[PDB]
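Taken together, the values in this text are just the output of simple stated rules run on the coordinates, not laboratory data. Cβ placement follows ideal geometry from the backbone for every residue including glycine, while neighbour counts extend to all protein chains displayed.
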Amino acid sequence: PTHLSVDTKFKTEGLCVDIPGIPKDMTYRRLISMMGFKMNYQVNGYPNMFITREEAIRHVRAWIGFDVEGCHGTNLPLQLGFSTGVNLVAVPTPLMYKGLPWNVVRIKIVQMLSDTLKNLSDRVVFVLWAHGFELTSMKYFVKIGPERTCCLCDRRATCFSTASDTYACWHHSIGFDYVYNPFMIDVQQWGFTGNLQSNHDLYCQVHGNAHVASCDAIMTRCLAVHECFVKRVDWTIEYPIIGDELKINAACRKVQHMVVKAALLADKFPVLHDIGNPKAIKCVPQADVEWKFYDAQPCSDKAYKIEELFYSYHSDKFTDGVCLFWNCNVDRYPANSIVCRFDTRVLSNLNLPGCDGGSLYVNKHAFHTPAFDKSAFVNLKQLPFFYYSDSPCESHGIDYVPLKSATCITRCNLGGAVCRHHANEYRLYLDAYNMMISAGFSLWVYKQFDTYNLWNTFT
Ligand SMILES: COc1ccccc1N1CCN(CC#N)CC1
Ligand SMILES: [Zn+2]
Ligand SMILES: [Zn+2]
Ligand SMILES: [Zn+2]
């Protein structure tokens, strides 16, 4: 039950306008053969160019929408479009490049995939809405064979050079001319009615059709993400560490404790309404307050409506005390809220482009997140950076410039000189805070929140 059997049937109806007369009865084995590749009855870690939905989902970071359009098949020029927004024209002799032979076009394809993918994935998965020219163009830029390692490192080989006769990963591929052992999935096999645009546009108003190859490539990946991450959701699937995942997650826990601890001290709310993850734990276990939890899974599609979360009749009175929405995305937060909200527009290795302005945030698990909307925050203000500690001034166990900051809220700074302990802790917390913000989290708070109110929590 692991890999896609090459003896699985492939539905050819999508193929029959580029490839008239194609047999209705078709396996992966016969299709790969028709595409001009030979798998040589090879048991060497590459059983099929094509993969299961499940396998594609585990390799979402590798997804590159790919589409080819007839420009006038060997007679005529082809437009190659990638979900990176690139269009290359290959002659057989939004970025839009003039007509060039395959021997140069293939170099550009390797450079482009290597730069997109080297910090994302060990592979490429070409996401297709297959009509035929895309599959019959692969022979011109793809080589297959046994699984190999990079010539300069231990990573699996993703590229081949005809010049040097060697194999490279995405990091070591400069001057390489062939994509090696790519994977691919035809979204049209999943059983849809009507064309790509009609199916995409059911779910997404953000990706237009300019009637160019890259636009279909983008719509194809978008539809695929919608199907595997919006309508369907699987939070069991783990994803490898590729960047600052652990630091960001640690940072998110340190900021959450800091901000909620401070709001309770500053405004002394008698009740806190903790709305979101049903696994959620008290972030300030020592606080006096009545802590009431409300279960909401991460909304992958549309932001929750505050009307459905709160009304239908709890403490019932959510207007009493404060509401904590820690990555619980709602259309409009009430005035008495503390909020962490992921900004889908952030550029990072963890954040993949998503469906209808939303983004696919992949950090241990994959969370499709609805488009960031500034109007959600009209009743709140941005939470300013600050560090608060009531811990004793007391070193123990670090090289130093003395800290001066208006935003180091400690007994020692009240006293006019920040102690070494609170200086070290301030600097660690500011680093954590910067990490979290740079990762794309944004923090919002009730308008009355004032750090001036924390100074009297020591006297
Ligand atoms: C830095 O973490 C703490 C330090 C002191 C007390 C509590 C916590 N937390 C943070 C929030 N966390 C929720 C989650 N995950 C519960 C435990
Ligand atoms: Zn390498
Ligand atoms: Zn879309
Ligand atoms: Zn101190």
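Using Cα centres only, tell me the gap between the stretch 45-68 and the stretch 169-206 in whole Å.
So the two Cα centres are separated by 8 Å.
Could you list which residues have their amide H under 5 Å from that of residue 323, counting only those 5 or more apart in sequence or on another chain, with H placed in the peptide plane?
Sorted by chain and number, the residues that satisfy this are 273, 337, 338.
I need the P(r) histogram for the stretch 13-231: all alpha carbon pairs, bin width 10 Å from 0 out to the longest distance, whole percents.
Final binned percentages: 8, 34, 39, 17, 2.
Can you compute the charge dipole magnitude of the stretch 150-283 about its Cα centre, using +1 on each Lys and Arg Cβ and -1 on each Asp and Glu Cβ, nothing else charged? Give it in debye, rounded to the nearest 20. Don't skip to the end; give the middle numbers.
Values: 12 positive and 13 negative charges, 168 e Å.
Dipole magnitude for the stretch 150-283 comes out near 800 debye.
Can you work out ³J(HN,Hα) from phi for every residue in the stretch 199-204, in order, using Karplus 6.51 cos²θ - 1.76 cosθ + 1.60 and θ = phi - 60°, giving whole Hz and x for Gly and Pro?
Karplus values, whole Hz, x for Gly and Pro: 7, 4, 5, 4, 10, 8.
So what is log10(I(q)/I(0)) for the chain at q = 0.06, 0.12 1/Å, when the Debye sum runs over its Cα atoms only?
-0.36, -1.03
Among 262, 158, 272, which residue has its Cα positioned farthest towards the positive end of the charge dipole of the chain, with +1 placed on the Cβ of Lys and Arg, -1 on the Cβ of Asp and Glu, and the dipole taken about the Cα centre?
Of the listed residues, the answer is 158.
Calculate how many DSSP beta bridges within the chain are antiparallel, expressed in % of all such bridges and rounded to the nearest 5. Mind dumping the intermediate values first?
Details: 32 of 62 bridges.
Here the share of antiparallel DSSP bridges comes out near 50 percent.
Please work out whether the stretch 288-348 counts as rounded, prolate or oblate from its C-alpha gyration tensor, where a ≥ b ≥ c are the square roots of the eigenvalues and a/c under 1.5 means rounded, while otherwise a/b larger than b/c means prolate and anything else oblate? Please report the intermediate quantities before stating the final value.
On the way: a/c = 2.20, a/b = 1.59, b/c = 1.38.
Since a/c reaches 1.5 and a/b is larger than b/c, the shape of the stretch 288-348 is classed as prolate.
Going by average Cβ neighbours within 10 Å, how do the peptides 41-53, 362-374 rank, with the highest at the top? Let's see the in-between values first.
On the way: 41-53: 15.4, 362-374: 19.2.
Going by the mean number of other Cβ atoms within 10 Å, highest first, we get 362-374, 41-53.
Which value in nm describes the separation of the simple spin-label points at residue 420 and residue 232, placed 7 Å from the Cα toward the beta carbon?
Here the answer is 5.8 nm between the modelled labels.
Based on the mean of other Cβ atoms within 10 Å per residue, sort peptides 64-71, 295-302 so the most packed one is first.
Working: 64-71: 22.6, 295-302: 16.0.
Highest to lowest by the protection proxy: 64-71, 295-302.
Counting DSSP beta bridges with both partners in the stretch 245-457, what percentage is antiparallel, nearest 5? The partial results should precede the final answer.
Values: 16 of 32 bridges.
Expressed as a percentage, antiparallel bridges in the stretch 245-457 total about 50.
Take the Cβ-Cβ distance between residue 308 and residue 281 as r, set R0 to 22 Å, and report the resulting FRET efficiency rounded to the nearest 0.05.
Working: r = 25 Å, r/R0 = 1.13.
Calculated transfer efficiency: 0.35.
Based on the Cβ-Cβ distance of residue 53 and residue 382, what FRET efficiency does E = 1/(1 + (r/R0)^6) give at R0 = 45 Å, to the nearest 0.05?
Once rounded, the FRET efficiency stands at 0.65.
Amide H neighbours of residue 63 under 5 Å, counting only residues 5+ apart in sequence or on other chains, H built in-plane at 1.01 Å?
Answer set, sorted by chain and number: 125.
Residue by residue through the stretch 431-447, which ³J(HN,Hα) values in whole Hz follow from phi under the Karplus form 6.51 cos²θ - 1.76 cosθ + 1.60 (θ = phi - 60°), with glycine and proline marked x?
5, 4, 4, 4, 4, 4, 6, 4, 5, x, 6, 10, 10, 9, 8, 3, 5
Report, by chain and number, residues whose modeled amide H sits under 5 Å from the one on residue 130, excluding near sequence neighbours (fewer than 5 apart, same chain).
Excluding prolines and chain starts, which carry no amide H, the hits are 187, 188.
What is the magnitude of the charge dipole of the chain about its Cα centre, with +1 placed on the Cβ of each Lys and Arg, -1 on the Cβ of each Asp and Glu, and no other charges, expressed in debye to the nearest 20? Present the calculation step by step, with values, prior to reporting the outcome.
Working: 44 positive and 43 negative charges, 118 e Å.
Charge dipole of the chain: 560 debye, to the nearest 20.
Evaluate the stretch 245-457: find the radius of gyration of its Cα atoms, find its Kirkwood radius, and give the ratio Rg to Rh.
Across the stretch 245-457, the Cα-based Rg/Rh ratio is 0.98.
Along the stretch 10-16, what does the Karplus equation 6.51 cos²θ - 1.76 cosθ + 1.60 (θ = phi - 60°) give for ³J(HN,Hα), rounded to whole Hz, x for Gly and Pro?
So the J values, rounded to whole Hz, are 10, 7, 9, 4, x, 7, 7.
If we sort 273-283, 119-129, 191-201 on the protection proxy, mean other Cβ atoms within 10 Å, highest first, what's the order?
Working: 273-283: 16.6, 119-129: 22.3, 191-201: 14.5.
Peptide ranking by packing, descending: 119-129, 273-283, 191-201.
On full extension of the chain, what length is gained from residue 192 through residue 115, given 0.36 nm per residue of separation minus the C-alpha to C-alpha distance?
On the way: separation 77, 0.36 × 77 = 27.72 nm, distance 3.29 nm.
In short, 24.4 nm is gained.
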